[PDB]
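Peer 1: Once you've had a glance at the structure underneath, I'll fire off some questions.
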Amino acid sequence: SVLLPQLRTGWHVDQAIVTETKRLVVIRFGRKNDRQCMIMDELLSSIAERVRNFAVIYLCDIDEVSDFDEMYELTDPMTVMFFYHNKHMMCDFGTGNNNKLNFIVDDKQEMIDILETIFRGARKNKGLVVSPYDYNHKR
RNA sequence: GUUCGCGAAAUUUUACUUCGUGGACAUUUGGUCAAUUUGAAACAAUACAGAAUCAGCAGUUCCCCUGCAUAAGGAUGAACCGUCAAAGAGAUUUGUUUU
């Protein structure tokens with residue numbers, strides 16, 4: 001958890017998205033007290049060093065910044081989201097919501113494969129990517 | 001209350017109509033192509049998932065064979081033997097077989 005930096009204003013979020021051209025921007029929207037928010041914080045905290053080349057991971061709190069709540073429709077304790085060149089990325093996970101992310105991923109390798117596949121499909125301008133894993137038993 | 005099935009009646013055995021009877025009798029979600037159009041905001045155009053394959057040499061790493069170099073190291077053969085050159089001056093001797 002301490003490994004990943006946190007974004008304390010909406011402008012740190014926005015500039016974090018704008019100033020980074022060549023690698024994905026991954027934000028976890030959620031609060032420190034939640035049960036599901038710390039788990040993806042640990043999972044993403046282990047993965048950050050492997051992936052630092054082709055992606056970077058940041059942290060955002062909903063109570064700290066409530067500005068994006070209505071715009072991206074943030075519900076559930078946590079939503080992970082993926083941004084490439086200011087463009088919100090999108091991938092059909094089988095969860096029925098191709099936007100953002102909700103559930104807690106299990107294995108490191110499955111999440112690194114999601115990051116890798118979203119990245120690779122993102123370099124081609126492709127809006128929708130198809131994950132190798134449809135988890136929809138979860139949602 | 002809806003259908004399927006069996007028994008009874010009114011008529012031409014199956015058929016309609018009604019009685020006695022055995023089941024079956026929920027709705028949704030997980031279902032978005034991406035890319036592009038100077039405006040009070042709609043899915044209307046514009047694409048439309050088409051969103052290179054055989055062969056050759058060389059080069060790094062080790063091994064062997066054969067050359068040439070270099071550093072060291074060895075083995076053996078080779079018939080004949082070492083304390084000047086020129087010019088000038090002085091001193092001593094010099095009848096017949098092989099010319």
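We label chains A, B, ... in the order they appear in the structure tokens, count residues from 1 in each chain, and number ligands from 1 in the order shown.
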I need the alpha helix (DSSP H) residues of chain A per DSSP on the backbone, written as a PyMOL selection string.
Peer 2: chain A and resi 10-18+35-51+69-72+108-123
Peer 1: Enumerate as a PyMOL selection string the residues belonging to chain A that approach chain B to within 10 Å, with only C-alpha atoms (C1' of nucleotides) taken into account.
Peer 2: chain A and resi 90+92+94-98+124-129+136-139
Peer 1: Could you give me, as a list in words, the residues within 9 Å of residue 86 of chain A, counting only C-alpha atoms (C1' of nucleotides) and dropping anything in the same chain fewer than 5 positions from it?
Peer 2: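 The filter keeps residues 14, 17, 18 and 21 of chain A.
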Peer 1: I need the residues in segment 9-123 of chain A that are strand (DSSP E) according to DSSP; give them as an mmCIF file with C-alpha atoms, in the first residue's frame.
Peer 2:
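See selection-v6.cif below for the written result:
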```cif
data_model
loop_
_atom_site.group_PDB
_atom_site.id
_atom_site.type_symbol
_atom_site.label_atom_id
_atom_site.label_comp_id
_atom_site.auth_asym_id
_atom_site.auth_seq_id
_atom_site.Cartn_x
_atom_site.Cartn_y
_atom_site.Cartn_z
ATOM 1 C CA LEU A 24 -1.046 3.057 -19.304
ATOM 2 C CA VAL A 25 -2.402 5.002 -16.344
ATOM 3 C CA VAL A 26 -4.176 2.830 -13.784
ATOM 4 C CA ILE A 27 -6.183 4.482 -11.009
ATOM 5 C CA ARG A 28 -7.931 2.751 -8.119
ATOM 6 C CA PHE A 29 -10.894 4.832 -6.963
ATOM 7 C CA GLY A 30 -11.738 3.810 -3.418
ATOM 8 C CA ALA A 55 2.083 0.947 -17.113
ATOM 9 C CA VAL A 56 1.975 3.001 -13.925
ATOM 10 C CA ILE A 57 -0.417 2.688 -11.006
ATOM 11 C CA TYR A 58 -1.836 5.471 -8.847
ATOM 12 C CA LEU A 59 -4.324 5.733 -5.991
ATOM 13 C CA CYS A 60 -7.331 8.025 -5.578
ATOM 14 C CA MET A 78 -13.582 0.389 -5.591
ATOM 15 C CA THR A 79 -13.251 0.946 -9.318
ATOM 16 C CA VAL A 80 -9.970 0.482 -11.191
ATOM 17 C CA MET A 81 -9.786 2.464 -14.442
ATOM 18 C CA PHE A 82 -7.349 2.556 -17.370
ATOM 19 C CA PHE A 83 -6.296 5.666 -19.307
ATOM 20 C CA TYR A 84 -4.130 6.063 -22.410
ATOM 21 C CA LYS A 87 -8.636 8.520 -23.608
ATOM 22 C CA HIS A 88 -10.566 6.357 -21.190
ATOM 23 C CA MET A 90 -12.425 0.103 -22.464
ATOM 24 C CA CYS A 91 -12.384 -3.699 -22.375
ATOM 25 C CA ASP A 92 -15.169 -6.285 -22.310
#
```
Peer 1: I want to know what sits within 12 Å of residue 48 of chain A, based on only C-alpha atoms (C1' of nucleotides), with residues of the same chain fewer than 2 positions away left out; could you give that as a compact mmCIF listing (two decimals) with C-alpha atoms, in the first residue's frame?
Peer 2:
```txt
# COMPACT_ATOMS: atom_id res chain seq x y z
CA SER A 1 0.00 0.00 0.00
CA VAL A 2 2.81 2.38 0.94
CA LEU A 3 4.50 1.43 -2.34
CA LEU A 4 1.91 3.16 -4.51
CA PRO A 5 1.51 6.96 -4.49
CA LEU A 24 -1.05 3.06 -19.30
CA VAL A 25 -2.40 5.00 -16.34
CA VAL A 26 -4.18 2.83 -13.78
CA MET A 40 -6.55 -4.59 -4.88
CA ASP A 41 -4.13 -2.13 -3.30
CA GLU A 42 -1.94 -5.05 -2.22
CA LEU A 43 -2.32 -6.89 -5.53
CA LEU A 44 -1.49 -3.75 -7.51
CA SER A 45 1.26 -2.96 -5.01
CA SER A 46 3.11 -6.16 -5.84
CA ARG A 50 7.18 -5.49 -12.87
CA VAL A 51 4.97 -3.26 -14.98
CA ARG A 52 6.60 0.15 -14.42
CA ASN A 53 7.77 0.10 -18.05
CA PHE A 54 4.45 -0.24 -19.86
CA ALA A 55 2.08 0.95 -17.11
CA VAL A 56 1.97 3.00 -13.93
CA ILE A 57 -0.42 2.69 -11.01
CA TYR A 58 -1.84 5.47 -8.85
CA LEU A 59 -4.32 5.73 -5.99
CA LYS A 108 -0.89 -11.55 -10.15
CA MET A 111 -3.92 -9.00 -13.75
CA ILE A 112 -0.57 -8.54 -15.51
CA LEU A 115 -2.66 -4.80 -18.15
```
Peer 1: Find the residues near residue 37 of chain B: any atom within 12 Å, counting only C-alpha atoms (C1' of nucleotides), skip ones fewer than 3 places away on the same chain, and give them as an MDAnalysis selection string.
Peer 2: chainID B and resid 44:46
Peer 1: Atom CA of residue 31 of chain A and atom CA of residue 13 of chain A, how far apart in Å?
Peer 2: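 About the pair atom CA of residue 13 of chain A and atom CA of residue 31 of chain A: they are 15.5 Å apart.
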Peer 1: Just the number, please: distance in Å from atom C1' of residue 7 of chain B to atom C1' of residue 21 of chain B, one decimal.
Peer 2: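 Separation of atom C1' of residue 7 of chain B and atom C1' of residue 21 of chain B: 8.1 Å.
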Peer 1: Could you jot down the atom CA of residue 63 of chain A to atom CA of residue 6 of chain A separation for me, Å, one decimal place?
Peer 2: 12.8 Å
Peer 1: Name the residues in contact with residue 6 of chain B at a cut-off of 12 Å, using only C-alpha atoms (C1' of nucleotides), excluding same-chain residues fewer than 2 positions from it; report them as a PyMOL selection string.
Peer 2: chain B and resi 4+8+20-22
Peer 1: Could you tell me which of A:8, A:47, A:75, A:93 comes closest to residue 107 of chain A if we count only C-alpha atoms?
Peer 2: A:47
